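What follows is a short report on a single structure.
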Amino acid sequence: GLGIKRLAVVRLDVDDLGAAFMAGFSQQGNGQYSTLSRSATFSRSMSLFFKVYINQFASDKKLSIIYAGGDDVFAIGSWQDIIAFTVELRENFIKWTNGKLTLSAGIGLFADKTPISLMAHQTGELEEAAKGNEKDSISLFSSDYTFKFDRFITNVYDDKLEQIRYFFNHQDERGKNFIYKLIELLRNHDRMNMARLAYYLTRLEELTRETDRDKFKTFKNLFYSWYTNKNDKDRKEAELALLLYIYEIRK
Amino acid sequence: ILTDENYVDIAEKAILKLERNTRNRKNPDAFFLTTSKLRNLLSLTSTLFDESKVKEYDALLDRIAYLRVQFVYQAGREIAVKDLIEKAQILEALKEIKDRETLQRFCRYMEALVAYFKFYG
Amino acid sequence: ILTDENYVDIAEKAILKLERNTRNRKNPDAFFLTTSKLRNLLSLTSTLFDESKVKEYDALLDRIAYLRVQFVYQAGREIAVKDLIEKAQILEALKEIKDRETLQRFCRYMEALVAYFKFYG
Amino acid sequence: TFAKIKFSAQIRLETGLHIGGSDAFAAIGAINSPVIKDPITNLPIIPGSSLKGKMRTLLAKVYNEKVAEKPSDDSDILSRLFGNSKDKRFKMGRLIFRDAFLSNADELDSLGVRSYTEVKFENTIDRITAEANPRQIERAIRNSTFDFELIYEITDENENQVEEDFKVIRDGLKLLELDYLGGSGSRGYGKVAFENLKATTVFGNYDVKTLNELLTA
Amino acid sequence: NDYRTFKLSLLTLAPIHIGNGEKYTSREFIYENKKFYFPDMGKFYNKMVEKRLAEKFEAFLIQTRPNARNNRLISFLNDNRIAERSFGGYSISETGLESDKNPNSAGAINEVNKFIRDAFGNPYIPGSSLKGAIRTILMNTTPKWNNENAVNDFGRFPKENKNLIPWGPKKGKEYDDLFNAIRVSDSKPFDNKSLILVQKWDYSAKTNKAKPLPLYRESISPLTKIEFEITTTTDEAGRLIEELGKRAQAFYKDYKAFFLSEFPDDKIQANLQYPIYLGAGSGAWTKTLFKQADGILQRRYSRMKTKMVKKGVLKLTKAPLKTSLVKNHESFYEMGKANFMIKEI
RNA sequence: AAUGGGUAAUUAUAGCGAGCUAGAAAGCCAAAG
RNA sequence: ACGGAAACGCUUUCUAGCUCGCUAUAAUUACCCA
Ligand SMILES: Nc1ncnc2c1ncn2[C@@H]1O[C@H](COP(=O)(O)OP(=O)(O)NP(=O)(O)O)[C@@H](O)[C@H]1O
Ligand SMILES: [Mg+2]
Ligand SMILES: [Mg+2]
């Protein structure tokens, strides 16, 4: 029963596909690979992927592909199996294209019993808000959580989210109140909340038992480290990771 | 002087300028300054920071004048609070309050001192 | 007269103006006035300061009348206290009290005097 | 059915008590440990939290078989009269310990009372070098009484839990007369008497004839 | 229910002063009968400002006149014919032994220290003061509490460790707090007719004199029964507060062999019950760990008024003869030498 | 020797500075069509 | 002869439950000044 009762909608698009189709092969060689056969095999590759392999990627998952083809994937479903779907889809598409041809999705969370145009338009606005991050971005749930995928799948979804889950399941003292107070200090964030966070985690370091104190010290020296990182691509990731961990353990 | 962009950084680098216990190796680099000689000084500015949100500055000038007395007195008793409020220029930050905004800036400065005192040692 | 924006400064420049041991060059800049004879002055007003919060001023002012004579008699015994009550215009400020917000400013001014005397020395 | 009853009492002090206050803007040579007091009359209050957390812990050493180690591990005779945070049916706890305000201010003014709280000077003798450390802590005076309201709920879960919980509430009150309501306790400061135990129903129908006899046990 | 209550009974052999911090000055009493009248000086100045003489009063307060019977606010009222004396405070009868001079000097006492009083106005003994008398008997007669209770090389041999006796909340540990488990109550507020204001008489060794001091504290009369209640919630606390009878005898035995010897035995009282040194005037060695403060107590005095060599001047007084407690002539009590007997209820 | 008087030190010290649960649900709508 | 006319982002919902301002602590020391 753990998990928030929401459904997500993702809309994808391969970024700059017409540019990757017309010009495409013109950089290597000296214009010697820009034939019709290269573009025909490229069309068969992209068509093969978006019309055959998306059903492979949507095999076990609880979703529905409302459209796939060309370079669009519009898909509704359960939000764990939408985020897992798009992480799997891109991590197979960048193996499929050797890391060329960025794709850039927009995922939006919606409650149950909401109309589907009010749902799809707000997903498509996240998709176009992730087109203009730089180009290659996923836009999780809102206009602000806009991450490059290489800055999302490695950092947020696998590094930080598993560290947060690993800490918050191997204990019993810290609960969701601590996670909520971390989300507030991550969202407001002036320079003063760095000091307030340094006070809060040091108070709770000496409040945990001596069995789990190096466990908490290796978590607070890991949270305070990215909170005060001064690159801005490490604090915004932690807020989305804590949103996903709260959404995983909702009653 | 403290401004809106640097009052937390001065409280960071002032705990680091406060000298610690060089000798007496039992959890060394502990401060001579104790926590309860510092939560008493914050106990004034916390109850001004909670009254400045409601009452006007022309009604709090009886307590704001007495912060200048209490920091002087607590520094006159123990040398460690003297070493605090001379390293962190608190008596020269109390000279400049003049309105609600700089008052709340100083009251957050006094909290950032305590937060970085708790964070180090 | 002493008001809210200046009484701590009046106390500060009062304590700097008390004369010192001109002779006795063993830890110099030491006052004639001592900590004991000044806390005997603060102990006169320390009761009235916390009887002023509860009681009305009109049911209290006979103690404020007698406390002038208390400062006179504590002045008329030592020359280092008769010097203090004239450097800091204590007797001149006792006559101008007349409400609660100046009783709690005079009783607070004596605290300022003790604070700066403890701070210097 | 619904009923709501009330316990009237008088917390007569015997060597009166300190319940610590809040201000940092106190003084230099005056009261540094204020008593809690009413913010408009400047009369001492006994806050109901200091009654509740003394009865909740003194009965915990009597009625909990297994030692609690945490609140909301109480033995369901205390969990329902005070309230857990964690039991699903014992979130609320059917007792309302109202605050207590100094009743007999005119009786204390008949006696030679200068002020309603006394100040007590209490230095700490350093057991080597013989030097001292004066504290000036404030306490409400000796023959003060406090009106003690106590409101109890009777819903349709009290099949026979009504008269069982009154060998518990009066048990806790006669254990308050052996302990000290916070302060120092080990230095006096706590001994109370509970006078005119008078139970009555303020809402609903309940027969307190059989309840007003075990108040006078 | 481990609340084992006791019932201590306290018989004062010597005069006992406690507390209040404050002290009446030289011009704040009236000695015209054989009593001392301590008024409310606020009401004195209020009722005297009707007499249009407050400026002559202010002249009297800074009057540096000799012949001290004319300085003590008696002669101000006898000369200027103020005779109502309907003012606030109280009256206490005389000791009779305060002015050593039979030439007049009557009411020529100077600065009396007040006794601790409740806001009703009646004197009592606070339980926090009686617990500090219990705690030194418990500290000195327990050999585990006397070894490292010392400097640890920090400052000017400064202070007690305060942590030999295991005290605290102590996060992660159970809750011992031995002296939280020794709960001492305040006494019943006794009457004003037990107070006499003995003076002070410091009796030195190696110079056999008894030079008196200008410090005349308002002490309790001897032979005044005062009752106390002590509850011990820990069985470990119950053992110590039962064994106080052995421990007070052991403390007085180790303290007479340390300090009451080198003094003549005529000025030294006998116990007659279990001994205790209740505060204000018993000497430093009854308030300290006396067998651990031999090079550490006198170090604090590089002043005009230093402790002589070591083991400072004895503190006698003069209160009148009762029962006999004194054992000598000229009425030299010991100023704080009380006794007790305890029984479980 | 008397006679006049008190003088100095401590004015609170060490702590905890909040913890945990809840973080929006149910309807209209959408679904059922 | 206005992709327009008519249409409340509306109804229900306690910032709530639990929690001792508490722990240790003689207003004491020194005996002297002119
Ligand atoms: N395999 C393919 N070969 C050639 N053209 C294709 C192929 N798949 C899709 N297209 C077309 O390529 C065009 C790309 O559309 P679109 O994605 O809107 O532009 P874009 O190049 O991706 N720029 P952007 O929308 O910012 O990503 C569409 O007209 C598609 O129909
Ligand atoms: Mg595209
Ligand atoms: Mg497209």
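Dipole size of the range A:1-75 about its Cα centre, with +1 on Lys/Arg Cβ and -1 on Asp/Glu Cβ: approximately 340 debye, rounded to the nearest 20. Peptide A:19-30 has a mean of 0 when you count, residue by residue, the C-beta atoms of other protein chains within 10 Å of its C-beta. Going by neighbour counts of Cβ atoms within 10 Å, the residues B:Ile10, A:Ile116 line up, fewest first, as A:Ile116, B:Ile10. Within 10 Å of the Cβ of each residue in D:128-140, the mean number of Cβ atoms contributed by other protein chains is 4.
Just to be sure I understand: if I project the alpha-carbon convex hull of chain D onto a plane and average over all orientations, what area do I get in nm²?
Working: hull surface 62.9 nm².
For chain D, the mean projected area of the Cα convex hull comes to 15.7 nm².
For chain C, just say rounded, prolate or oblate: build the C-alpha gyration tensor, square-root its eigenvalues into a ≥ b ≥ c, call rounded for a/c under 1.5, and beyond that prolate if a/b exceeds b/c, oblate if not. Show your work: numbers first, answer last.
Details: a/c = 2.32, a/b = 1.85, b/c = 1.25.
Here chain C falls in the prolate category.
The distance linking the range C:1-30 with the range E:1-22 is 45 Å (Cα centroid to Cα centroid, whole angstrom). Among the trypsin sites (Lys or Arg not before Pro) within the range E:265-306, those in coil by DSSP and having at most 16 neighbouring Cβ atoms inside 10 Å are E:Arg303, E:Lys305.
Which order do the peptides C:13-23, E:228-238, E:126-136 come out in when sorted by mean C-beta neighbours inside 10 angstrom, highest first?
Highest to lowest by the protection proxy: E:126-136, E:228-238, C:13-23.
Scalar couplings 3J(HN,Hα) for the range E:114-131, obtained by applying the Karplus form with A = 6.51, B = -1.76, C = 1.60 to θ = phi - 60°, are 6, 9, 5, 9, 7, 6, 5, x, 8, x, 8, 9, x, x, 6, 7, 6, 6 Hz; x denotes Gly and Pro.
Please give the net charge around B:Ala75, taking every other residue with its beta carbon less than 12 angstrom from that of B:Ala75, where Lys and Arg add +1 and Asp and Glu add -1.
+3
For chain D, averaging the sequence separation of C-alpha pairs within contact (under 8 Å, six or more residues apart) and dividing by the residue count gives a relative contact order of 38 percent. Farthest toward the positive end of the dipole of the range C:12-84, out of C:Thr45, C:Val72, C:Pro28, is the Cα of C:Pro28, where the dipole comes from beta carbon charges about the Cα centre. Rounded to the nearest 500, the 222 nm mean residue ellipticity of chain D from helices alone is -4000 deg cm²/dmol, with -39,500 (n - 2.57) taken per DSSP H run of at least 4 residues. Within the set of other residues whose C-beta is less than 13 Å from the C-beta of E:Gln273, count the net charge using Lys and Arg as +1 and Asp and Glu as -1. After counting each charged neighbour, the total is +3.
Model label sites at E:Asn180 and A:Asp214, defined 7 Å from Cα along the beta-carbon direction, differ in position by 3.2 nm. Each Cα pair of chain A feeds into the Kirkwood radius, which the Stokes-Einstein equation turns, at 20 °C and 1.002 mPa s, into a diffusion coefficient of 107 µm²/s. Here B:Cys107, C:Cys107 are placed in order of increasing Cβ neighbour count within 10 Å, fewest first, which gives B:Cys107, C:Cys107.
Obtain the radius of gyration and the Kirkwood radius of the range D:14-115 from its C-alpha atoms and give Rg over Rh.
Rg divided by Rh gives 1.10.
Distance from the Cα centroid of the range E:35-109 to that of the range E:268-291 is 36 Å (rounded to whole angstrom). Among the residues of B:108-121, the average count of other protein chain beta-carbon atoms within 10 Å of the residue beta-carbon is 4.
Dimensions of chain E based on its C-alpha atoms, expressed as ranges along the principal axes with the largest first, amount to 69, 50, 46 Å.
Computed from phi, the 3J(HN,Hα) profile of the range B:15-32 under the Karplus parametrisation 6.51, -1.76, 1.60 (θ = phi - 60°) reads 5, 6, 8, 5, 7, 9, 7, 6, 8, 6, 6, 8, 6, x, 6, 8, 7, 5 Hz, with x in place of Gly and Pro.
For a footprinting-style exposure proxy, rank E:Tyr277, E:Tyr252 by other Cβ within 10 Å, fewest first.
Ascending number of Cβ neighbours within 10 Å: E:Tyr252, E:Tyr277.
Take the Cα of A:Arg165, step 7 Å toward its Cβ, do the same at D:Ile96, and the gap between the two points is 4.8 nm. Between the beta carbons of D:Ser115 and A:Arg203, assuming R0 = 45 Å, the FRET efficiency works out to 0.70 to the nearest 0.05. Residues whose amide H falls under 5 Å from that of C:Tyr57, counting only those 5 or more places apart or on a different chain, are absent, with hydrogens built in the peptide plane.
Taking the square root of 5 times each eigenvalue of the Cα gyration tensor, what semi-axes in Å does the equivalent ellipsoid of the range E:218-267 have, largest first? Walk me through the numbers on the way to the answer.
Values: eigenvalues 157, 78, 10 Å².
Over the Cα atoms of the range E:218-267, the semi-axes work out to 28, 20, 7 Å.
In this entry, the range E:40-88 is assigned a mean projected area of 3.4 nm², taken as a quarter of its C-alpha convex hull surface. Extension gain for the segment A:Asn231 to A:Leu2, taken as residue separation times 0.36 nm less the Cα-Cα distance, is 79.1 nm to one decimal.
Report, to two decimal places, the Cα Rg of the protein assembly as shown normalised by 2.2 N^0.38 Å (N = number of residues). Don't skip to the end; give the middle numbers.
Numbers: Rg = 38.0 Å, N = 1055, 2.2 N^0.38 = 31.0 Å.
Cα-based Rg divided by the globular estimate yields 1.23.
Taking the Cα centre of the range E:200-285 as origin, work out the dipole magnitude from +1 charges on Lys and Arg Cβ and -1 charges on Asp and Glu Cβ, in debye rounded to 20. Working shown, then result.
Values: 12 positive and 12 negative charges, 108 e Å.
Rounded to the nearest 20 debye, it is 520 debye.
Methodologically, a virtual Cβ is constructed for each residue, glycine included, from the backbone with ideal geometry; neighbour enumeration extends over all protein chains shown. Each value in this text was obtained by applying a stated rule to the coordinates, not by laboratory testing.
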